[PDB]
Each structure stands twice: as structure tokens, then as C-alpha cells.
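Read through the structure below, which is laid out as C-alpha cells, and then see the notes.
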6 protein chains.
Amino acid sequence: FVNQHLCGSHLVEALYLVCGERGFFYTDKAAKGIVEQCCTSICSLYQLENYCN
Amino acid sequence: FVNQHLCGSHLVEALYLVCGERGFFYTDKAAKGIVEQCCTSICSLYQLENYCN
Amino acid sequence: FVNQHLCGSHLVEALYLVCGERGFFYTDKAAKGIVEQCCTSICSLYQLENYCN
Amino acid sequence: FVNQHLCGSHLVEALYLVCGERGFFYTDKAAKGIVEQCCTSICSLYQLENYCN
Amino acid sequence: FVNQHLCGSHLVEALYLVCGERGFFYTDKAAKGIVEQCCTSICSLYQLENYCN
Amino acid sequence: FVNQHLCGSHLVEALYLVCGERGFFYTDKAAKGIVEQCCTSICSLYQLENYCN
Ligand SMILES: Cc1cccc(O)c1
Ligand SMILES: Cc1cccc(O)c1
Ligand SMILES: Cc1cccc(O)c1
Ligand SMILES: Cc1cccc(O)c1
Ligand SMILES: Cc1cccc(O)c1
Ligand SMILES: Cc1cccc(O)c1
Ligand SMILES: Cc1cccc(O)c1
Ligand SMILES: Cc1cccc(O)c1
Ligand SMILES: [Cl-]
Ligand SMILES: [Cl-]
Ligand SMILES: [Zn+2]
Ligand SMILES: [Zn+2]
């Protein structure tokens with residue numbers, strides 16, 4: 001299956017909208033961690049914000 | 001018109017695909033170079049990879 | 001106008017995300033309205049939350 | 001739960017194209033009948049139009 | 001203003017929508033023809049179904 | 001299940017990007033093949049490049 005890669009693609013658009021001019025880092029380090037958590041169960045806007053810069 | 005925000009929305013999706021495992025950082029102060037270049041001309045995928053982590 | 005058509009396709013997705021469970025209507029009166037407000041210059045997340053139900 | 005969220009995001013972009021200047025409702029009541037029918041099986045464009053306002 | 005490269009990505013999505021397993025027959029003249037006409041005036045789904053195969 | 005129709009919309013977006021102004025070609029067979037291969041495991045951009053014209 002290709003579930004997480006398909007989930008990744010929507011989660012960066014959500015971090016571009018949530019994060020704004022603060023931006024975000026989607027790097028191998030703490031980006032496999034937003035996938036472990038937000039592609040397993042639905043993350044709210046405030047849980048998404050904790051990955052912002 | 002929100003020309004920057006609509007071009008920036010496509011650019012984050014193109015970067016998720018081209019950077020793959022390298023990932024990237026999208027700071028609105030690091031996102032100025034890649035919007036100024038790639039929203040006024042079509043960037044190759046090699047050009048996009050120059051912004052990967 | 002096609003640039004308003006395309007902006008509105010991105011606006012439908014951001015309201016889906018911001019409005020969570022609540023949802024939103026995209027009747028041709030709220031549409032005209034969010035289009036004029038938020039495709040002419042950017043909208044913050046508060047502003048978009050105001051169109052949600 | 002993330003799978004139906006993923007699906008709903010792509011159905012909102014389909015309803016925006018199919019309904020045109022009609023528009024559509026996508027509140028929690030309105031759009032849960034849609035997801036039951038169109039996220040378990042594939043809906044055509046003629047079935048999606050039933051949900052236009 | 002319409003950036004034609006960002007408009008084309010939306011149009012390729014729409015034809016996937018419209019044509020689905022019918023596909024299309026690719027020729028440079030039809031490709032440039034669709035992006036010229038539907039990136040300057042809005043095309044409806046019934047205009048886009050003409051390009052399906 | 002709608003999962004392969006959803007994967008297929010994301011491949012279309014990644015062939016548009018990768019192929020650029022060369023565009024891509026459709027046949028019944030290759031459309032069956034890239035979904036059975038790229039919706040089962042992650043295809044690179046250098047594998048997708050084989051369907052561009
Ligand atoms: C907004 C969003 C996208 C993908 C997964 C999530 O949990 C939430
Ligand atoms: C949106 C986008 C993708 C790829 C190249 C570009 O210049 C712009
Ligand atoms: C498309 C869009 C997204 C978010 C804010 C805007 O003003 C316009
Ligand atoms: C077009 C579309 C998107 C998502 C679910 C569907 O049944 C159909
Ligand atoms: C653009 C596209 C891709 C695959 C099938 C289609 O009908 C249309
Ligand atoms: C469906 C769609 C996308 C892009 C431009 C158009 O005129 C129509
Ligand atoms: C049908 C089609 C049109 C334009 C670009 C593409 O990559 C494919
Ligand atoms: C880029 C991409 C999209 C969808 C499936 C894949 O295997 C690879
Ligand atoms: Cl998806
Ligand atoms: Cl756009
Ligand atoms: Zn998706
Ligand atoms: Zn766009």
C-alpha cells in the first residue's frame with residue numbers, strides 16, 4: 001500500500017495553510033513523526049500547529 | 001490577487017515529491033527565492049531540488 | 001474569470017480543513033463574498049473560519 | 001477516520017467542479033450521506049450532481 | 001492573470017475526473033489547444049468531455 | 001473501495017509535473033500497469049518519466 005505517501009501529500013498542504021509566514025520544516029527527522037501520528041488518526045488544527053516553525 | 005499564495009501552494013506539493021527522503025524547510029523568508037524564481041518561470045525538477053534538505 | 005475559478009478551487013479545500021466537523025455551505029452567495037474577500041488579498045484563518053457553519 | 005477525511009477532501013474538489021455556480025452544502029449533516037455513498041464505492045459525476053444546490 | 005502552468009495542472013485533474021477509464025489520445029496540438037481555450041475562458045465539464053477518447 | 005481512484009488522481013498530478021510540456025500518453029494497458037505498480041509501492045519520479053512523451 002501507498003497510504004502514508006498519499007497522506008504526506010495532504011499533510012504538507014495543511015502545514016502550508018496552518019503555518020502561514022512562520023513556515024515549517026518537513027525534514028526526515030521530525031517529519032516521520034507527524035506522519036506516524038497524523039496519518040494514523042486525524043490530527044486537529046492545533047496538533048498540526050505544533051509542527052510549525 | 002493572491003498570486004504568491006496560489007503559486008506557493010503548488011510549490012510545496014512539488015517539493016514534497018522531488019525532495020522525497022531529503023525533505024525541505026519552507027520558511028517564508030527562505031520561500032522568497034523559490035517563489036520569485038519559480039512563480040515567474042517554469043522551474044525544472046533539477047532546479048526545484050536545489051531547495052531540498 | 002478563470003483566475004477566480006482556480007482560486008475558488010483552493011478556497012473549497014481550505015474551508016474543508018478549517019471548518020472541521022462543522023462543515024460549510026458554498027452556496028452561490030457565500031461563494032461570491034469569500035471569493036471577493038479572499039482571492040483579492042490573503043485571508044487569515046480567523047477570516048476563513050467566519051464562513052464555516 | 002483519516003481515510004474518510006482523505007476521501008472527503010477529494011470529494012469537495014469534485015463537487016466544486018460539478019456543481020458550478022449552483023454550489024453545494026457540505027455541513028456535517030449535509031455531507032455524511034455523501035461520504036457514506038461515495039467513499040465506500042466510486043460515484044460518477046451524474047450521481048455527484050444530486051448533491052448540488 | 002492566469003499562470004498557464006498552474007492552470008494546466010487543474011485541467012489535467014479535471015480530465016482524469018471527466019474521462020476516467022475512457023482516457024484520451026494525446027497530440028501536441030490538442031494539448032496546447034485545451035490549455036489555450038480553458039485557461040482564458042472557463043470551460044465546463046461538457047466542453048472537457050470532448051477531449052476524452 | 002475508492003483507494004485506487006484516489007491514488008490515480010495523485011499519479012496524474014505527479015506525471016503532469018514530471019513530464020512538463022512533453023505531456024504523457026494513455027493506453028488501457030499502461031494505465032492498468034502504473035496503478036498496479038505505483039499504488040502498491042512508491043514509484044520514483046525516474047520511473048514515472050517513462051510515461052512522458
Ligand atoms: C489535515 C490532515 C491531513 C492529513 C491527515 C490529518 O490527520 C490531518
Ligand atoms: C508550481 C510549480 C511547479 C514546478 C515548477 C514551477 O516553476 C512551479
Ligand atoms: C486559496 C486561499 C487559501 C487560503 C487563503 C486565501 O485568502 C485564499
Ligand atoms: C470524484 C470522487 C472523489 C472521491 C470519491 C468519489 O466517489 C468520487
Ligand atoms: C488525464 C487522464 C489520465 C488518466 C486517465 C484519464 O481519463 C485522463
Ligand atoms: C475544470 C477547469 C480547470 C481549469 C480551467 C478550466 O477552464 C476548467
Ligand atoms: C492531457 C495532458 C495535457 C496536458 C499535459 C499533460 O501532461 C497531459
Ligand atoms: C509520486 C507518486 C504518487 C502516487 C504514487 C506513487 O507510487 C508515487
Ligand atoms: Cl488520498
Ligand atoms: Cl492555481
Ligand atoms: Zn489524496
Ligand atoms: Zn492551483
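Ordering of the C-alpha cells sets the chain letters (A, B, ...), residue numbers begin anew at 1 in every chain, and ligands are numbered from 1 in the order given.
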
Least-squares fit of chain D onto chain F (C-alpha, ordered pairing) as a JSON list (two decimals) with C-alpha atoms, in the first residue's frame:
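Output below, filename selection.json:
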[["chain", "number", "residue", "atom", "x", "y", "z"],
["D", 1, "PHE", "CA", -11.61, 0.12, -6.03],
["D", 2, "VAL", "CA", -12.00, 3.62, -4.56],
["D", 3, "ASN", "CA", -8.38, 3.41, -3.16],
["D", 4, "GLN", "CA", -6.70, 2.90, -6.59],
["D", 5, "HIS", "CA", -9.03, 5.69, -7.98],
["D", 6, "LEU", "CA", -7.73, 7.97, -5.19],
["D", 7, "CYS", "CA", -4.16, 7.03, -5.95],
["D", 8, "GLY", "CA", -4.56, 7.48, -9.74],
["D", 9, "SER", "CA", -5.72, 11.04, -9.16],
["D", 10, "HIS", "CA", -2.55, 11.93, -7.38],
["D", 11, "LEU", "CA", -0.42, 10.02, -10.01],
["D", 12, "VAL", "CA", -1.92, 12.04, -12.86],
["D", 13, "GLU", "CA", -0.90, 15.21, -11.13],
["D", 14, "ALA", "CA", 2.71, 13.81, -10.70],
["D", 15, "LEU", "CA", 2.95, 12.73, -14.36],
["D", 16, "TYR", "CA", 1.81, 16.20, -15.52],
["D", 17, "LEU", "CA", 4.73, 17.71, -13.59],
["D", 18, "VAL", "CA", 7.32, 15.16, -14.40],
["D", 19, "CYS", "CA", 6.68, 14.77, -18.07],
["D", 20, "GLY", "CA", 6.50, 18.44, -18.92],
["D", 21, "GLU", "CA", 5.84, 19.37, -22.43],
["D", 22, "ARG", "CA", 6.34, 15.72, -23.45],
["D", 23, "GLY", "CA", 3.03, 14.78, -21.89],
["D", 24, "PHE", "CA", 1.90, 11.19, -21.32],
["D", 25, "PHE", "CA", -0.73, 8.62, -22.19],
["D", 26, "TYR", "CA", -3.27, 7.72, -19.47],
["D", 27, "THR", "CA", -5.70, 5.49, -21.30],
["D", 28, "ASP", "CA", -7.00, 2.30, -19.71],
["D", 29, "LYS", "CA", -4.27, 0.22, -21.36],
["D", 30, "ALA", "CA", -1.54, 2.70, -20.81],
["D", 31, "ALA", "CA", -2.36, 3.39, -17.21],
["D", 32, "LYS", "CA", -2.93, 0.18, -15.37],
["D", 33, "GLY", "CA", 0.76, -0.96, -15.66],
["D", 34, "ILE", "CA", 1.43, 2.41, -13.81],
["D", 35, "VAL", "CA", -1.15, 1.79, -11.10],
["D", 36, "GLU", "CA", 0.09, -1.78, -10.60],
["D", 37, "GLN", "CA", 3.62, -0.54, -9.96],
["D", 38, "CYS", "CA", 2.95, 2.84, -8.33],
["D", 39, "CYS", "CA", -0.15, 2.41, -6.20],
["D", 40, "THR", "CA", 1.12, -0.61, -4.20],
["D", 41, "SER", "CA", 4.63, 0.81, -3.67],
["D", 42, "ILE", "CA", 5.82, 4.46, -3.88],
["D", 43, "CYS", "CA", 7.53, 5.39, -7.15],
["D", 44, "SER", "CA", 10.27, 7.98, -7.37],
["D", 45, "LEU", "CA", 10.16, 10.78, -9.98],
["D", 46, "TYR", "CA", 12.82, 8.94, -11.99],
["D", 47, "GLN", "CA", 10.66, 5.80, -12.20],
["D", 48, "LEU", "CA", 7.55, 7.97, -13.13],
["D", 49, "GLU", "CA", 9.43, 9.51, -16.02],
["D", 50, "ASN", "CA", 9.53, 6.15, -17.79],
["D", 51, "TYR", "CA", 5.84, 6.74, -18.39],
["D", 52, "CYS", "CA", 6.26, 10.12, -20.32],
["D", 53, "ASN", "CA", 5.69, 10.24, -24.07]]
